[PDB]
Structures are given as C-alpha cells and as structure tokens.
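Trainee: Sharing a structure below in structure tokens format, with a few things to ask.
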Amino acid sequence: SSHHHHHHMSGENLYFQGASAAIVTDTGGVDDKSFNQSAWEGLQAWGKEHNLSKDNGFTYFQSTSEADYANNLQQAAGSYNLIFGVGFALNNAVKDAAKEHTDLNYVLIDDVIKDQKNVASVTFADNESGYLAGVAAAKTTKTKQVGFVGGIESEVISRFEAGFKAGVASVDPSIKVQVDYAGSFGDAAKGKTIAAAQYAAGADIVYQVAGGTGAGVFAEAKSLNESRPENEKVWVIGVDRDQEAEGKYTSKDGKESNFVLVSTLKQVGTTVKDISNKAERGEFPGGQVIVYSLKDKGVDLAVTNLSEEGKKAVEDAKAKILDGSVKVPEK
Ligand SMILES: Nc1nc2c(ncn2[C@@H]2O[C@H](CO)[C@@H](O)[C@H]2O)c(=O)[nH]1
Ligand code: NI
Ligand code: NI
Ligand code: NI
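For any residue, its number in the entry's author numbering is found by taking its place in the sequence shown, counting from 1, and adding 2.
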C-alpha cells in the first residue's frame with residue numbers, strides 16, 4: 003500500500019538464481035517422434051528461454067536398460083536440481099533418488115509417487131484423447147476392422163486402449179478392434195511385424211500407442227501404401243505429437259498423399275517447460291498430482307486428414323466429454 007522506508011538498488015546487484023533441469027529418458031529415446039521427443043522439445047525450449055545449451059544447464063540421459071535408471075538419476079544429481087523421470091517405468095528409481103537427495107526436486111511423468119515432498123507426479127487423461135481417436139477411426143473404416151498396437155501392458159496404455167475401444171463402439175459396435183502389445187517402447191521391428199499381421203487380417207486403420215516402437219507401424223503402412231493405389235491406402239493414427247509429417251508417401255499410381263488419419267496429442271513438452279519455470283522461481287509443486295485432460299488441452303486430437311463428417315463426430319464427442327454427458331472408461 004505504501005513503502006516509505008526504501009533504498010535505491012542497482013539492477014547490477016539484483017539477480018535471479020537459475021536452476022539446471024535434466025530429463026532421464028526410457029528405451030524409446032528422445033528421437034521417438036512422440037513421448038520422449040515431446041519431453042526433450044519442451045526441455046530444449048526451456049533451455050533456449052534461459053540462455054542455456056545441452057550439457058550446460060539442461061541435458062537428457064538415455065537409459066540403456068532398467069538398471070541404467072538409478073545410474074542416470076545419480077549422474078543427473080551431480081549437476082541438476084530438477085530431474086524428470088519420463089515414463090511410468092522410472093517410478094521406483096525416482097522414489098529412491100528423491101529419498102537420497104531431499105535437497106533436489108524430482109518429477110515423474112505418466113505415474114504417481116505418494117508421500118514425497120520433493121516429488122511431483124503428472125498424469126494425462128489419454129482415455130479422453132483415445133476416445134476421440136476411436137470416433138475418428140469408426141467414421142473412416144471401410145473394412146469395419148481397426149488395429150491397436152500397445153508398447154508395454156500397463157495402467158497407462160490400458161487407459162488409451164479402453165478410451166479407443168469406447169470411442170469406436172459409440173459410433174458402431176459392429177467394428178472389431180484387434181489389440182496386440184509389443185512388450186517395448188523401443189522396438190520398431192516388433193511394431194512392423196504386429197502392424198503387418200493386423201493389416202493382412204483386414205484392419206485398414208492402426209492406432210500405435212507404443213512410442214518409438216511405432217516407427218515400425220509407420221514403416222509397414224508406408225510399404226503397403228507405396229505398392230497400392232491411393233484410394234486403397236491403409237491409415238495410421240499418430241500419438242503424443244502431431245505425426246502428419248511421418249505419413250508422406252507416393253502411391254503405385256504416382257499420386258502424392260498422406261496415410262496419417264489423425265494424431266492424439268499429449269503435451270509432455272509443455273508440462274516439462276511449465277514445471278521447470280516453477281522450480282526455477284522456487285514454486286515447485288512437491289507432493290502434488292497434476293492431472294491434464296481434454297478440458298485444459300493437455301490431451302487433444304489433431305484432425306489432420308479426417309473427412310468433414312468425422313470432424314463433426316469428433317467435435318460432438320469432445321463436447322459430451324467436457325460437459326460430463328459421456329464418461330470415458332480408464333480400464
Ligand atoms: N514408460 C514409457 N512409456 C512410454 C515410452 N514411450 C511412450 N510411452 C507411453 O506410450 C504412449 C504412446 O507413445 C505415451 O503417451 C506414453 O504413455 C517410453 O519410453 N517409456
Ligand atoms: Ni504497495
Ligand atoms: Ni533501511
Ligand atoms: Ni533461468
């Protein structure tokens with residue numbers, strides 16, 4: 003209201019203490035065009051905003067295996083005071099590291115840690131985005147059969163699967179959803195053989211929810227589509243990022259086209275940048291569980307190459323999820 007006792011201070015003597023933020027990444031890698039890449043793009047954007055460069059204020063530790071999680075988190079604790087575990091698999095390793103270094107701040111993305119003051123947890127309503135992808139798929143199938151390729155069987159991927167199945171059923175319960183898990187988020191070759199089998203059995207759309215494994219699903223669809231006419235093409239649904247650019251191909255008939263129907267979005271990069279800024283300002287949300295959903299645009303659907311009829315079904319289904327009229331199952 004008033005500040006009568008005051009002293010003039012030079013801007014040269016006032017300074018804001020910066021933080022150093024690192025992500026510890028799973029097998030998928032920061033080049034997975036999806037989940038880990040979104041996180042890494044977010045951290046790079048944050049680095050650029052704070053005048054930093056890789057291994058000088060921000061970095062990523064790629065995990066070779068589960069045994070490398072603890073090694074990478076301990077290496078990170080040498081130089082970084084905000085450490086993100088990217089993926090549900092880092093749950094136990096982040097719990098242990100947070101108990102050893104109570105002075106550092108940790109974030110688990112895609113899972114919850116309870117009762118740890120220096121750990122924040124982030125989850126996404128991927129069931130809600132999955133539902134929208136299902137409505138999209140149900141409005142474009144000609145064969146009335148669609149594929150789902152998961153990475154590792156988990157509460158997280160079951161959220162996508164349940165939402166996707168529910169969204170397909172909301173339009174046409176006649177449609178068959180073939181489900182297959184790769185057992186990995188970093189196995190393109192297994193993604194390719196699963197997609198090959200799903201397409202050969204008469205799926206005309208595959209939704210890939212397996213991070214970097216999904217590069218194989220894109221490779222299979224591209225090979226089938228290059229050896230066919232444009233109007234007989236087979237679709238993939240993108241995940242985490244808008245993957246439209248990965249769908250570029252040329253048909254047997256010489257026509258330039260795109261086989262990405264739609265992508266589910268998961269704003270992991272946005273979350274990494276926002277929490278990094280809060281940690282640097284001394285407002286780290288330790289002990290809290292942050293839930294992103296359709297409402298706050300933490301998840302969404304990019305409607306890329308969907309028919310106008312499909313976009314209407316998606317916009318209508320989105321309204322019903324926001325209003326509460328449709329409750330999307332999580333399992
Ligand atoms: N634990 C883990 N989950 C991943 C990874 N890549 C992708 N995912 C999950 O799979 C979904 C589809 O890529 C993402 O939204 C994440 O939930 C990874 O490397 N590790
Ligand atoms: Ni005042
Ligand atoms: Ni004074
Ligand atoms: Ni800074």
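For each residue, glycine too, the CB sits at the ideal point set by N, CA and C.
Rounded to whole angstroms, how far is the Cβ of residue 135 from the Cβ of residue 303, which I believe are closer than 8 Å?
Mentor: Right, their Cβ atoms sit about 6 Å apart.
Trainee: Mapping the DSSP letters down to three states, classify residue 21 as helix, strand or coil.
Mentor: Residue 21: coil per DSSP, three-state reduction.
Trainee: Please list the segments of the beta strand (DSSP E) lying wholly inside the stretch 239 to 289, counting only runs of 3 or more residues, in order along the chain.
Mentor: For the stretch 239 to 289, whole beta strand (DSSP E) runs of length 3 or above, ordered along the chain, are 250 to 252, 258 to 260 and 262 to 268.
Trainee: Ignoring anything shorter than 4 residues or poking outside the stretch 113 to 192, list the alpha helix (DSSP H) runs there in chain order.
Mentor: DSSP runs (the alpha helix (DSSP H)) wholly in the stretch 113 to 192: 128 to 140 and 157 to 171.
Trainee: Tell me residue 293's beta-bridge partners as DSSP assigns them.
Mentor: 125, per the DSSP bridge assignment.
Trainee: Using beta-carbon positions only, say whether residue 223 and residue 241 come within less than 7 Å of one another.
Mentor: Contact: no.
Trainee: Grouping DSSP H, G and I as helix and E and B as strand, with all else coil, what is residue 324?
Mentor: Residue 324: helix per DSSP, three-state reduction.
Trainee: Short of 6 Å in beta carbon distance, which residues of its chain neighbour residue 133, apart from the five on each side in sequence? Order them along the chain.
Mentor: Same-chain partners within the cutoff: 165, 168, 169 and 330.
Trainee: Just to confirm before moving on: does the CB-CB distance between residue 71 and residue 100 stay below 7 Å?
Mentor: It is not a contact, given that the beta carbons lie outside the stated cut-off.
Trainee: Compare the C-alpha of residue 309 against each of 235, 263 and 206 and name the closest.
Mentor: Comparing Cα positions, the closest option is 263.
Trainee: Shorter than 6 Å, the distance from the beta carbon of residue 37 to the closest heavy atom of ligand 1, or not?
Mentor: Yes, since a heavy atom of ligand 1 falls inside the 6 Å radius drawn around the Cβ of residue 37.
Trainee: Just to confirm my understanding: we take residue 156, look at its own chain, exclude 5 residues before and 5 after, and list those with CB closer than 7 Å. What are they?
Mentor: Excluding positions up to five away in sequence, the list reads 90.
Trainee: Ordered along the chain, which non-local residues of its own chain (more than five positions away) have a Cβ less than 6 Å from that of residue 112?
Mentor: Only 89, 90 and 158 meet the Cβ criterion.
Trainee: On the three-state DSSP scale, how would you describe residue 56?
Mentor: The answer is strand: DSSP assigns residue 56 an E or B state.
Trainee: For residue 345, name the three-state secondary structure that DSSP assigns.
Mentor: Nothing in the structure corresponds to residue 345, since the chain is present only between 3 and 333.
Trainee: Ligand 2 and residue 186: does any heavy atom of the ligand fall closer than 6 Å to the residue's C-beta?
Mentor: No, the Cβ of residue 186 stays beyond 6 Å of every heavy atom of ligand 2.
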